[PDB]
Enquirer: 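I am attaching a structure below and will ask some questions about it afterwards.
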Amino acid sequence: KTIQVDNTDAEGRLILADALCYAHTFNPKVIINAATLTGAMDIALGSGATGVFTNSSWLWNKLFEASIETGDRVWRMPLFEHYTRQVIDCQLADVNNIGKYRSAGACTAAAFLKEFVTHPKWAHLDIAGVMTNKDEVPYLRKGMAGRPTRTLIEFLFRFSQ
Amino acid sequence: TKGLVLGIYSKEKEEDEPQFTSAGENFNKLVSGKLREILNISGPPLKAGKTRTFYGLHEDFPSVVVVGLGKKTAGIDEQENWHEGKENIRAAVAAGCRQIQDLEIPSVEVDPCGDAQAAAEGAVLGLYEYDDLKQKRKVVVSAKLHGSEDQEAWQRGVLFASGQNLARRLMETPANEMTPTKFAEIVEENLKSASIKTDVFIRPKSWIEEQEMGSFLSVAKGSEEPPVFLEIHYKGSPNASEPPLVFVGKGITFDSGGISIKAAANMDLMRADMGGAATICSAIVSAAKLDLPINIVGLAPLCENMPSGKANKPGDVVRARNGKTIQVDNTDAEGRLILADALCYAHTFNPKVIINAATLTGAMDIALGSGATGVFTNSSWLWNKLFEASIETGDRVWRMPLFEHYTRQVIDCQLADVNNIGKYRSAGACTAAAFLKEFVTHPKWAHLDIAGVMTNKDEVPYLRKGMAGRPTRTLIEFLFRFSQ
Amino acid sequence: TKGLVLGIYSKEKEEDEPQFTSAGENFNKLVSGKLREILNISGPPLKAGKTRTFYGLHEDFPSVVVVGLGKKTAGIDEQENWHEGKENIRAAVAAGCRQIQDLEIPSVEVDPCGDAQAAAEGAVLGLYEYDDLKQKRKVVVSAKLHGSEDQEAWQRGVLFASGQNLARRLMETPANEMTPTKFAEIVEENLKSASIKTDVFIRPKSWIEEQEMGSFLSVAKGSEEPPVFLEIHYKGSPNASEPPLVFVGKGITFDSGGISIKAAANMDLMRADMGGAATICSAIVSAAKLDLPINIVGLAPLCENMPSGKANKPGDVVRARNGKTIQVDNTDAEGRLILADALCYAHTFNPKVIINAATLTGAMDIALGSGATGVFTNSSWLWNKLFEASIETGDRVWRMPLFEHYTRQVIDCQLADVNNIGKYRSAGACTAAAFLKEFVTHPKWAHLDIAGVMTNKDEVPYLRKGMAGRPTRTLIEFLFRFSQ
Ligand SMILES: CC(C)C[C@H](N)P(=O)(O)O
Ligand SMILES: CC(C)C[C@H](N)P(=O)(O)O
Ligand SMILES: CC(C)C[C@H](N)P(=O)(O)O
Ligand SMILES: [Zn+2]
Ligand SMILES: [Zn+2]
Ligand SMILES: [Zn+2]
Ligand SMILES: [Zn+2]
Ligand SMILES: [Zn+2]
Ligand SMILES: [Zn+2]
Ligand SMILES: [Zn+2]
Ligand SMILES: [Zn+2]
């Protein structure tokens, strides 16, 4: 697939396109990616929760249940064709790396990633809003947060049982 | 002359050719196979939402527009959270009616396409245009059901669509015409027309003052346009004492930002900052037309937000109806100021549910755009009812978080009990919702931030470019199901 | 499937019905009047630029698209400075061809509409689309003249339009593919395919250094992409010694602004900052194809403008080929820097005229937008020839002033002979032209600032959204007339 690089700063989705493609070669049970992808996600939910875009409600529920236990929360965001339409509308190539509008930046970014995924159980975690901590999470000093590492570990533990 | 809109589905694997609807096949037979013949000659098959026009097939229908309906059995799409078949019908019929109008034909008969309500919604929503102030206008088209079998369903669709179009008219009209007073008067005439079991109170400034609505008053004083507090009642329950459902809508007729003035680019769209009031009032009008067996109260504080020698000043502290003080750090975060007072007043009715709608934050647009209305609620039962209703209407809703995490950022206030803007710039829609919550104690409250669905370019196929009137039908559907 | 495009004029006061073209009435006669009957049944008359489709009228043409041509006797419009009849034809034919393509029909015959060249231009320019890098593409349409009477005129239109389309291709192609070297190679192959009486020299950086083109070199050094100086010769005159006409074009394959970096919004359009080179080179290729009896030389300095550890720094002083020093106050005013050296080199050919084209200033866009190319010239004779040619092609030009008033603002310089930006923002296109003039001593020089006509949205009806390739046809027409 060809990609029109209209904005060089929308680079995360460019490197993820190739990694997601390579992920399919392992014939995996699930594919879960995490990225400090968009400033839009921060404007959307801030540090309250990691945004999760997934084509599997079963997968959403497992991540959600794990977050309840860890306290490092997740919140579902939409994967709609409405957003896909705005990234495949492209002057020169198959897909554009930025949407035709500023609205729903995190959603159009997720739609871009989806054009590189055919797996039935895929989840994209936009962690841009939980990159840092000031005083929101009481038990983390000011600085980089490392979220939602514990939620991923809990998900893996439960899955293995 | 009269035009005709007919549907055809996408061909199924086992089928030899794409199948017309019952009405399409009947017409084909009426014209001795000429419709099928000409469609075949015209080339490639018609896909969902596409159209093709054939002339002179029958003396009574000089122009026949065939529209693609997609897969006949398309039902609820688990990935899109909507009934796909209904959405396909709405889009296809709208496209077909637009073609007939471009041909300057004044009357059109429409194929029910297996779902007359959806067909009517596509026709009535699709043809709508606010052109009262223009000298050059498109031909006025009168759309009617082709056949008579599904008339009740067709009429229901016309009703739902008309409710949304009233919201669109109110939102689109320029603010120098659509003042707080004018808005109230239009809602009044429509509600009384809908049912005699109604009461309308166009409350003046003196009443607003007696009610101690200091937060709402602070926003209104900057402008010379008189503010009003619109209160409407629909007494549909058999039991007069049955607790009502209360709806609240943000009614800023024009938002310039006040002293914390807005940038010039596209500020004209702020004439629709009263969209919250438009959608809830229109939903109530429609509920009354439907004669729903429930009691409902609508509340809409209305005023302009303008800069002047007596306008709100950053840092000013105002007192809400409940006695809680608010530090107005930014005069352009005025929606939450007027809603604080309306939400307090909503509790006096001892309601079953409280639902408010508002074009509250630009942050909501950045978050979800026009894909869905953001819903903040302390009740998962309420969320599910709104969600289920949205699947039927196609006018989607998506849940947003109501966490103390966000409350902490608005109660951290230098001078007062609560600050009208958060301590940080992140999660603007969430902190705005947290602010509203500080004025709510009810167990079943939902806040709808409709800022991202205020307008349509071409995302929703069946709405022309302009104010959208979303999500009026979802509110009407919620009310209908609630009453059953 | 085979399609047919036919034209119809607007009805005159004393006519009973609007008149078809000769081809339209011939087809109507062939089908015993069925074309007129169905057009009448379909409703309102077709106005200029509008279309309507009729199916199954004849076995050889399952799809017939009728297009409105406007007033039949529409000639030169003194208010618009163009031949209106030709513009109406280009628009109508393009619209008709787009409909044929939407129907996925691979071949179409086109009514010459009283002016085969204009008809061909509308079809070829209208159907063009740069889609080499996409998996999903529209059906390739093969447009040909309907009938056998106006073959030469039709092919002339195909040739003129093809020249413009080559320019559009070069402009639209992403900069990572369309490098200085690639541009030079593509122009080389097209010119050689056009005529054997051609010579091409893709001059390397070593030659640029020998030529002491310090101003051009200063812009190129910031990027890793090698720069080249394209020099092309078309030897069309019967007399080998006849002085040539010289064309010069700005070839910035990508303009990031350099150290004086551009803002992000829409910076992708800067892949077309080599439009001046594209248009002048394409005009020469077309002149060669037509075998015009004249000698022509084309010059195009090509390079990228990028930021790096070795790029031009604001305040740096560079020396042009003619010995003049230039103070580079803004690295993003790079077009005038590369043109200074190319214009100097142009004088070595003892030319009859010197014409340069460049996407030079945003100021030109603020001035005239896409309405017309701005022309600065020291020769009224030259202005008039360009103006007259534009009336015929419809791709308009508009004169801009070459006054000492502007020169004064660029020679007022702290460190050098001339500053690359004016002392004020006012008249940006005029001060830019004044800068170029300091490198020209020729009596017949014209500078075309094409920045405003770089792209098309919907302004020129017969060009789809994208890079425009303007004013290629106006340059070709100028050359044709000059040769006669
Ligand atoms: C603020 C931050 C999360 C932005 C991303 N790094 P982007 O520039 O790739 O969108
Ligand atoms: C863009 C729009 C939704 C902004 C709100 N009217 P505010 O200025 O009150 O946040
Ligand atoms: C908008 C465009 C025409 C600007 C020129 N490339 P400049 O940056 O060289 O002025
Ligand atoms: Zn980035
Ligand atoms: Zn990044
Ligand atoms: Zn309005
Ligand atoms: Zn505001
Ligand atoms: Zn507002
Ligand atoms: Zn290019
Ligand atoms: Zn530049
Ligand atoms: Zn440039």
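Quick note on labels: first sequence line is chain A, next is B, and so on, each numbered from 1. Both counts, for ligands and for their atoms, begin at 1 and track the order of listing. No hydrogens, no waters, no symmetry mates; every other heavy atom, side chains included, goes into these values.
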Enquirer: Are the side chain of C:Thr331 and the backbone N or O of C:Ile259 linked by a donor-acceptor pair below 3.5 Å?
Expert: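 Pair found, side chain donor or acceptor close to backbone of C:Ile259.
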Enquirer: Quick one: report the N, O or S atom of C:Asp255 that is nearest to the Zn ion (ligand 11).
Expert: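 Answer by atom name: OD2.
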Enquirer: How open is the angle at the Zn ion (ligand 11) from atom NZ of C:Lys250 over to atom OD2 of C:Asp273, rounded to 10 degrees?
Expert: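 Centred on the Zn ion (ligand 11), the NZ/OD2 angle is 100° (to 10°).
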Enquirer: Any donor-acceptor pair under 3.5 Å linking the side-chain atoms of A:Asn96 with those of A:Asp6?
Expert: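 Their side chains do contain a donor-acceptor pair, which is all the 3.5 Å distance test asks for.
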Enquirer: If you round to 10 degrees, what value do you get for the angle at the Zn ion (ligand 6) between B:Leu170 atom O and B:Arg271 atom O?
Expert: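 Taking the Zn ion (ligand 6) as the apex, the two atoms subtend 130°.
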Enquirer: Report the relative orientation of the aromatic rings in A:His124 and A:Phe53; use parallel for angles under 30°, tilted for 30 to 60°, perpendicular for over 60°.
Expert: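 Judged by the thresholds at 30° and 60°, the geometry between A:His124 and A:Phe53 is parallel.
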Enquirer: Run through the protein N/O/S atoms less than 2.8 Å from the Zn ion (ligand 4) and write them out by chain and number.
Expert: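 Per the 2.8 Å query on the Zn ion (ligand 4), atoms found are A:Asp9 O, A:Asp9 OD1, A:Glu11 OE1.
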Enquirer: Going by the salt bridge (charged side-chain N to carboxylate O under 4.0 Å, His left out) test, which pairs reach into residues 264-274 of chain B, not counting sequence neighbours?
Expert: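 Of all non-adjacent pairs touching residues 264-274 of chain B, those that pass salt bridge (charged side-chain N to carboxylate O under 4.0 Å, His left out) are B:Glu172-B:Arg271, B:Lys250-B:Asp273, B:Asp268-B:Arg271.
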Enquirer: Could you walk me through whether A:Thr38 and A:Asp126 satisfy the side chain to side chain donor-acceptor pair (under 3.5 Å) test, starting with their C-alpha distance in whole Å, then the side-chain angles of each, then the deciding distance to 0.1 Å, before giving a yes or no?
Expert: CA-CA 7 Å; A:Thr38 66; A:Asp126 191 337; 2.8 Å; yes
Enquirer: Quick one: do the B:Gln164 and B:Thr472 side chains pair a donor with an acceptor below 3.5 Å?
Expert: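 Result is no, nothing qualifies.
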Enquirer: Does the gap between the ring centers of C:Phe229 and C:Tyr345 come in under 6.0 Å?
Expert: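 For C:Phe229 and C:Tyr345, the ring centres are under 6.0 Å apart.
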Enquirer: The Zn ion (ligand 11) to C:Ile252: any N/O/S contact under 2.8 Å?
Expert: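 Coordinating: no.
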Enquirer: Output yes when C:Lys313 and C:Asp316 qualify as a salt bridge under the 4.0 Å nitrogen-oxygen rule, no when they do not.
Expert: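 Yes, C:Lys313 and C:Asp316 are salt-bridged.
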